[PDB]
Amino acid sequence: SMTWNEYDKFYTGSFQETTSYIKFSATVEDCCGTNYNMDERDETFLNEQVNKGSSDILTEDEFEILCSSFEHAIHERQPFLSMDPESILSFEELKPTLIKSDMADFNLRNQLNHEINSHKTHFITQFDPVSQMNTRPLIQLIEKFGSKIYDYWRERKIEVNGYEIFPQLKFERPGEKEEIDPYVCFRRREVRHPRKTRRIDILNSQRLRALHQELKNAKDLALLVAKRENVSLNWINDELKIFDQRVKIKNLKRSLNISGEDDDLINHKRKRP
């Protein structure tokens, strides 16, 4: 029993404690990244069949992005795939849906990366791991690798009879007679409450518009703070660039023994609020 030897390989990093109590409401899905995770069978295929003699490597993370888009598209277009798993759509029939797919609020993150005026790299939050930085966009991966990866994923989808590759919990089905099965769990029982009066609906409609405005005001303040920190990051990046250039100027200047023109080599105080 007791200790597992590979723990330190699987659990790395540091959680920094804050003075005030943690405030958090993001879901597990919010903090996991791409929902598809390669198993041992996936990596041997990626190592030996895809990247064996490739000039352009498909990274493990890029692979999972592709499979994740395939899963989301099939669930949208073929919800009853298990009725006839071999009738699963081809890559070309599915490609229109993959192009429009909005994975993990990508369009929202892109808009935010635009609004900040950063446009540099990608919009990074606490929910993102730093290893995900190196990945290419989905549309580019679809063109270069889409059909090849889909051929592989398609077979795995057929093997599991149109269900999930990852083992799923057994949930109750509303047409099944049922049979006292201990593996069936987490049954759902809706609230079903009577409607409010029409007047209260109108009053709550007004409260809804008011709540929308307060969220808009909050987003403006939040965007301004993000802009403030973004330009602050640009400033320290300049101070780092100015430092390296100032040292190189002086060394070359000292080599050639030139005097004067020292205005840019020192800082000048100015009227700042």
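Note that residue numbering begins at 1 and tracks the sequence as displayed.
Q: If you average the CA temperature factors over each stretch, which comes out higher, 51 to 59 or 215 to 223?
A: It is 51 to 59 that shows the higher mean C-alpha B-factor.
Q: Read off the CA B-factors in the entry, average them over 62 to 70 and over 239 to 247, and name the higher stretch.
A: It is 239 to 247.
Q: If you check the C-alpha B-factor for each of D201, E172, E155, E164 in the entry, which is highest?
A: Among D201, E172, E155, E164, the PDB entry lists the largest C-alpha B-factor for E172.
Q: Per the entry's Cα B factor values, which of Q140, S147, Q78, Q111 stands out as the maximum?
A: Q140 has the highest C-alpha B-factor of those listed.
Q: Going by what the PDB entry lists, where does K253 fall on CA B-factor within its chain: lowest, middle or highest third?
A: It belongs to the highest third of the chain when residues are ordered by C-alpha B-factor.
Q: Of the three thirds of its chain by CA temperature factor, lowest, middle or highest, which one includes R195?
A: Ranked within chain, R195 CA B lands in the middle tercile.
Q: Divide the modelled residues of the chain into thirds by Cα B-factor and specify which third, lowest, middle or highest, holds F186.
A: Answer is lowest: the recorded C-alpha B-factor places it there.
Q: Ordered by C-alpha B-factor within the chain, which third holds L98? Give me lowest, middle or highest, please.
A: Middle third - that is where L98 ends up once the chain's C-alpha B-factors are sorted.
Q: Going by the entry, which third of its chain does the Cα temperature factor of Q168 land in?
A: Lowest third, going by the recorded CA B-factors of the chain.
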